[PDB]
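Chain by chain, the residues run as shown.
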Amino acid sequence: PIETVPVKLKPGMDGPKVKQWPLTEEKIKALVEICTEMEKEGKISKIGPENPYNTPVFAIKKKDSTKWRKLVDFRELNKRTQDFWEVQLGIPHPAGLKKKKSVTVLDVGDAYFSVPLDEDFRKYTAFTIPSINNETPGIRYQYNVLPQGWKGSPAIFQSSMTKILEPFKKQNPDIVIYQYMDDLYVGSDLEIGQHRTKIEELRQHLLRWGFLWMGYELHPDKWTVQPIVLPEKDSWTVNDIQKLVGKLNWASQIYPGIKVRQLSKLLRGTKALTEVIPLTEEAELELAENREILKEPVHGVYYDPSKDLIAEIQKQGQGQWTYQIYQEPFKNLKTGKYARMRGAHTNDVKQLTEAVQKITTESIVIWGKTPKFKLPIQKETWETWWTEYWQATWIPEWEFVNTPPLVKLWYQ
Amino acid sequence: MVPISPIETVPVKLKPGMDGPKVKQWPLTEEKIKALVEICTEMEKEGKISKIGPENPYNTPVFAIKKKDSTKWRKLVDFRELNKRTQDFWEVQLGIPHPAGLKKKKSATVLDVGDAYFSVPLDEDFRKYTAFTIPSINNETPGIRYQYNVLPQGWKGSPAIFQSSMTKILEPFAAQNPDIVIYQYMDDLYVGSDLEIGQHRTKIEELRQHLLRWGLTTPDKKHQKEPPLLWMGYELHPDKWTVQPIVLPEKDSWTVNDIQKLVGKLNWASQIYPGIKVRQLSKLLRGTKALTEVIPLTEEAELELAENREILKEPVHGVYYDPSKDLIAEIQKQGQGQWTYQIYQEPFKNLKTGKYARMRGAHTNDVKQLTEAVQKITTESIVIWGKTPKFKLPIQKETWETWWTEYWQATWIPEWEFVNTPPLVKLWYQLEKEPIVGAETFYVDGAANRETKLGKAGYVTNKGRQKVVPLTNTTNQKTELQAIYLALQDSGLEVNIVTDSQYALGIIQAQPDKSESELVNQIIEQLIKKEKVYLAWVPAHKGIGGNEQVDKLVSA
Ligand SMILES: Cc1cc(/C=C/C#N)cc(C)c1Oc1nc(NC2CCN(Cc3ccc(S(N)(=O)=O)cc3)CC2)nc2ccsc12
Ligand SMILES: [Mg+2]
């Protein structure tokens, strides 16, 4: 590949000028070693002061590997890079990927370093390895090849990737392969037995074309909007009924025909919260009709590709996290819950960071894009710590929730 | 003649769409013209500038200036217009090392690299934009027109290009003398080492012998400074550092500019003087712009200032960093949203100190502020030393565990230990997770009229206890809080409270321990006196009893 593809920013905007955030010494040392080798391999070059652009960089460790990896935060550049109708006017996100028994995630970011980047665009990939304590100027580099994490890299490599894979696709029409940023997602309806083989069958197939030993295995057979569930009780306190009427009133904004009249009537007078109230027949029937409404799907939900996906997350305690993905309030496209976040039982933020990564992964599989997160965390706490637990080579967008939502009760 | 390497030129362009400067040259006196001709003939002989013909259409004005005893003129070329039109650069000099992050060196010397500055050539295609004109005597001949061949003093790109050029020249010398440290800023070059002073002065000689390969003349800095070295506001002794002396003026009339430069001194001092406080003195500047307005210093501003004068009574000192030792940060609560901290490796030998002030908020609590202080110190420590310190915090381990396990947000603070130094950070109340058996149940409500601002707040209980108070100058949100407050006032030590106010639940579930609202504060004080409080929420106007009866009572 000698001939670069011309790329430009969107009209009327300059390249990114994002401040490098401070890094610990061990991450700096890791980045110096990685970049020295990259520079020896022609992938990056030192730049001069006439380049004013900057994109932040840090170092991670992919899930349970012990070698540092460089991650560039291209969020700003990606927002400023031209919209891509590269060889197509759009690559159909495979609507059948979300239905497959098993989906394996393959990092193929390394293939990008085989392709030169347009000489005129390289200055916009500028990044800085910072010094400790301002003791030296940072080490300044720009990319000479397609960088990992940049929006243009899968777009420009798409012509090569579809040709690299086609002999495998020809043999395996049952298998869905989808590319998002640096990753391939490979789904099949067969069992992990022959799935692993076909994954390594596919993997060594990449080797004959000019690779990474790692994987990650999903099962999108679960991914729905979880039902709203009401308690089944033989005795109800005033408090139980109040909580029920509150949950039902919340659900009546999602579902038509929810009624609380006969249940609210049980609460005639001014009773002690712990007092037991017998259910009448009318309240019993109303509850049953509400139960019947809630097992059917929400009316009028579908995905608008022109709109952002929004993801909300609630901390539920004891390692449990609930979340919802939607575009319009009360029209959830997906809801879910996690528990027992691996190696994190005493670190809220680590747990939250893994949930964010887990939800972003589901979002890519279902729709092919990342959601905007509403995170239950103060900005300064999140901004200080998330890079410590990040393991993905993409990064979504997020905003911070400072007022406790009452809805946490209803998802618990 | 010895071949010298050329310094690699940086390519420069003007901002897109912008042309170069076309500013008219001011008329000058005959004496100023004569002085400028003398100066530029010398600069021209040294290769700094060159004569151009009348083809160049750009121009930047040139002036002649003096000084008090300096009986001769100097040249000033005013590049303001060119700087507005020149591209942005990577400016790589904005911060300086903090002394507390430095390691002790046996020897250190300063080199003057002022001369090396104009041996840095200017990009060829860009020189045309630097043209200037010496007006002629009596304006009877064409002006003498010159352009720069080197980075001009005052041009927007000269600091970044000079610094970048020196860095690249120095890199081989630094990388292959790992027993040296070299730091550059302005036209000063600082070299430190742990070599005995014989071999240190020779590495210095090797360094000018390295710089000479680009023909850069570097003598020892004229009139050398000796311990302590005075640098960027600090004193650097060989085994300790501190700040240059801090002097707070006495005044019987303070203005808002007097005050904001008192805070600046106090802010400067707070990196080594522990316990500095500036909130009350910052409070006297919240909103004003004509900054010779006199302000009565409150007796709260005077006590703070007098407290500051007492800490400043003495010099204090910080030590340099030892990477083989642990890094520790201890925090103390000062009151009124203020926090102070010391970072150290050995007891009573601070690396540095600092302070943190509560963010502006409607409500807040001590644990949240302590958390923010931790994050600020974490980030500062990463800057300075490249690592997170181990923390010593005035909060019991069990208090923290209760806080983060029950708090609705995710939160975390890195490795830390309890230090028992009052006042300790604590949780002042915790709500029940379930309703309390045997505790009286208060159904509370409030309501106000938009127009009249007349309201009512009150409660009814399962024991038939009841209260409604009429209120003036109120709002729905205040009446909803006032009703909760009445229920807390009038109940025993354990109480169930039922509200329909999403607003009041949002405040209380945030667990404030202090507020900008006196009423919220009154609720907090009641909560503190209780043994158990369960707060339940129900939707309004939905027929749920108790809430229904109190709603009608307070809705006129
Ligand atoms: C940042 C910096 C500043 C100076 C200031 C000079 C002035 N004005 C000098 C150097 C080398 C600097 O740069 C670094 N300095 C250090 N450590 C320092 C070295 C100096 N000592 C003070 C001292 C020691 C010995 C004598 S003596 N006995 O010769 O009189 C006098 C003073 C404090 C620690 N470490 C690094 C690491 C990377 S850069 C750099
Ligand atoms: Mg009401």
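Residues numbered from 1 in each chain as written, not as in the entry; some residues may be left out. Chains lettered and ligands numbered in written order. Heavy atoms only, no water.

This entry, as listed in the PDB, derives from X-ray crystallography and reports a resolution of 1.963 Å.

### Here's the deal with the overall build of chain A
Across its full length, chain A holds 10 helices and 16 strands. Within chain A, the fraction of its 412 residues that count as buried is 53%. Of the roughly 19500 Å² that chain A leaves accessible, carbon and sulfur atoms contribute 52%. Put simply, chain A has 58 plus and 53 minus side-chain charges, and the middle of one group is 1 Å from the middle of the other. (Helix = DSSP H or I, 4+ residues; strand = E, 2+ residues; numbered from the N terminus. Buried < 20%, exposed > 50% of the residue type's maximum accessible area, 1.4 Å probe, protein only. Areas by Shrake-Rupley, 256 points an atom, 1.4 Å probe, with all protein chains shown as cover. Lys, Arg positive; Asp, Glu negative; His and termini not counted. Charge placed at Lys NZ, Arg CZ, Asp CG, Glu CD.)

### As for the domain arrangement of chain A
Taken domain by domain, chain A consists of domain 1 (6–95 + 121–161), domain 2 (96–120 + 162–217), domain 3 (218–303) and domain 4 (304–412). Summarising the inter-unit geometry, the C-alpha centres of domain 1 of chain A and domain 3 of chain A are found 51 Å apart. (Domains from an automatic or database assignment.)

### Remarks on unusual backbone geometry
All names here are of chain B. Following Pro227, the chain continues to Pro228 via a peptide bond in cis, the omega torsion being 0 degrees. Relative to the helices and strands, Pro228 is located in the loop between α4 (197–211) and β9 (229–231). Look at the link from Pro422 to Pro423: it is a cis peptide, with omega at 0 degrees. On the secondary structure map, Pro423 appears in the loop between β17 (416–418) and β18 (440–448). For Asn473, which is not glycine, the phi torsion reads 55 degrees and is therefore positive. Residue placement: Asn473 occurs in the loop between β20 (466–471) and α10 (476–490). With a relative accessible area of 54%, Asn473 lands in the exposed category. Its identity as a non-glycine residue notwithstanding, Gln511 has a phi of 55 degrees, on the positive side. Relative to the helices and strands, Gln511 resides in the loop between α11 (502–508) and β22 (514–515).

### What about the pairing of strand β23 (residues 532–537) of chain B?
Residue and element names in this part refer to chain B. Counting buried residues in β23 gives 5 out of 6 residues, a clear majority hidden from the surface. Relative to β23, strand β21 (residues 494–499) runs parallel, the two sharing 6 bridges. Looking at β23, one finds that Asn496 is bridged to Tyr534. (Pairing = 2+ DSSP bridges.)

### Notes on the site of ligand 1
Surrounding ligand 1, one finds 21 residues, the nearest of these being B:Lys103, B:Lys105, B:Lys106, B:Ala108 and B:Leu229. Positioned at a junction of chains, ligand 1 has nearby residues supplied by chains A and B. The backbone of B:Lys106 places a nitrogen or oxygen atom 2.9 Å from a nitrogen atom of ligand 1. In the environment of ligand 1, an oxygen atom lies 3.2 Å from a nitrogen or oxygen atom belonging to the backbone of B:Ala108. Taken together, the elements giving at least two residues each to the shell around ligand 1 come down to β4 (107–112), β7 (180–185), β8 (188–193) and β9 of chain B. (Near = heavy atom within 4 Å. Polar contact = N/O pair within 3.5 Å; in protein donor to acceptor, adjacent residues only side chain to side chain.)

### Quick notes on the environment of A:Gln314
All names here are of chain A. Summarising the element assignment, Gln314 is placed in strand β12 (residues 310–317). The class of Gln314 is buried, set by a relative accessible area of 4%. In sequence terms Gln314 and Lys337 are 23 residues apart; their C-alpha atoms lie 9.4 Å from each other. Once residues within four sequence positions are removed from consideration, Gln314 is found in contact with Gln320, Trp321, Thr322, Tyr323, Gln324, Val407, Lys408 and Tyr411. A polar contact is formed between the side chain of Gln314 and the side chain of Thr322, at a distance of 2.7 Å. (Contact = heavy atoms within 4.5 Å.)

### Some remarks on the side chain of B:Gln25
Residue and element names in this part refer to chain B. Turning to its location among the elements, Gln25 is positioned in the segment before α1 (30–45). Owing to a relative accessible area of 8%, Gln25 belongs among the buried residues under this scheme. Reaching out from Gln25, the side chain makes a polar contact with the backbone nitrogen of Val62 at a distance of 2.9 Å. Apart from residues no more than four positions distant in its own chain, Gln25 is found in contact with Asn59, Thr60, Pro61, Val62, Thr133 and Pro135.

### Structural notes on the side chain of A:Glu286
Looking at the element boundaries, A:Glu286 is found in helix α7 (residues 281–295). Here A:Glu286 occupies a buried position and makes no salt bridge, while the nearest side chain of opposite charge, A:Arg261, is found at 6.5 Å. (Salt bridge = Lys/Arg side-chain N within 4 Å of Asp/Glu carboxyl O.)

### Observations regarding the coordination of the magnesium ion (ligand 2)
All names here are of chain B. Every protein donor of the magnesium ion (ligand 2) is listed here as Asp445 (OD) and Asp551 (OD), and their distances to the metal cover 2.3 to 2.4 Å. One end of the pair, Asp445, is in strand β18; the other, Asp551, is in helix α13 (residues 547–554), with 106 residues separating them in the sequence. Across this residue pair, the class does not change: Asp445 and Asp551 are buried. (Donors = N, O, S within 2.8 Å, 3.2 Å for Na, K, Ca; no water.)

### Some thoughts on the interface of chain A and chain B
Of the residues lining the interface, 59 residues belong to chain A; the matching set on chain B comes to 67 residues. Between chain A and chain B lies a buried interface of about 5100 Å² when both sides are counted; carbon and sulfur atoms form 60% of it. Per-residue buried area on chain A facing chain B is highest for A:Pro49, A:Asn133 and A:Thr270; these three make up 13% of the total on that side. Our count for the chain A to chain B interface comes out at 1 salt bridge. Between A:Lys17 and B:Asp88 there is a salt bridge, with the nearest N and O atoms lying 2.7 Å from each other. Viewed at the interface, chain B and chain A are joined by 20 residue pairs in polar contact. Elements with a minimum of two residues in the side of chain A that touches chain B: α5 (238–251), α8 (348–367), α9 (379–385) and α10 (408–411) of chain A. With 6 residues, the single largest contributor to the side of chain A that touches chain B is α5(A). Of the residues belonging to the side of chain A that touches chain B, the class tally is 25 nonpolar, 23 polar and 11 charged. (Buried area = accessible area lost by both parts, 1.4 Å probe. Nonpolar A, V, L, I, M, F, W, Y, C, P; charged D, E, K, R; others polar.)

### A few points about the domain arrangement of chain B
Annotation of chain B at the domain level lists domain 1 (1–92 + 118–158), domain 2 (93–117 + 159–227), domain 3 (228–321), domain 4 (322–428) and domain 5 (429–556). Domain 3 of chain B and domain 5 of chain B are separated by 46 Å when their C-alpha centres are compared.

### Side note on the pairing of strand β6 (residues 139–143) of chain A
Residues and elements named next belong to chain A. Burial of β6 is extensive: 4 of the 5 residues sit out of reach of the surface. Pairing of strand β1 (residues 44–46) with β6, which is carried by 3 bridges, proceeds in the antiparallel orientation. Within β6, the residue paired with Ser45 across the bridge is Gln142. Across 3 bridges, the pairing between strand β5 (residues 127–129) and β6 is antiparallel. Note that in β6 the partner of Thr128 across the bridge is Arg140.

### Details of the sheet that holds strand β5 (residues 132–134) of chain B
All names here are of chain B. The strand order across the open sheet built from 3 strands is β1-β6-β5, with neighbouring strands paired in antiparallel fashion. The sheet terminates laterally at β1 (49–51) and β5, the two strands that pair on one side only. When the angles between neighbouring strand axes are averaged without regard to direction, this sheet yields 35 degrees. Across 3 bridges, the pairing between β1 and strand β6 (residues 144–148) is antiparallel. Among the inter-strand pairings, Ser50 is bridged to a residue of β6, identified as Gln147. (Axes fitted to C-alpha atoms, helices over the stretch in contact; angles between N-to-C directions.)

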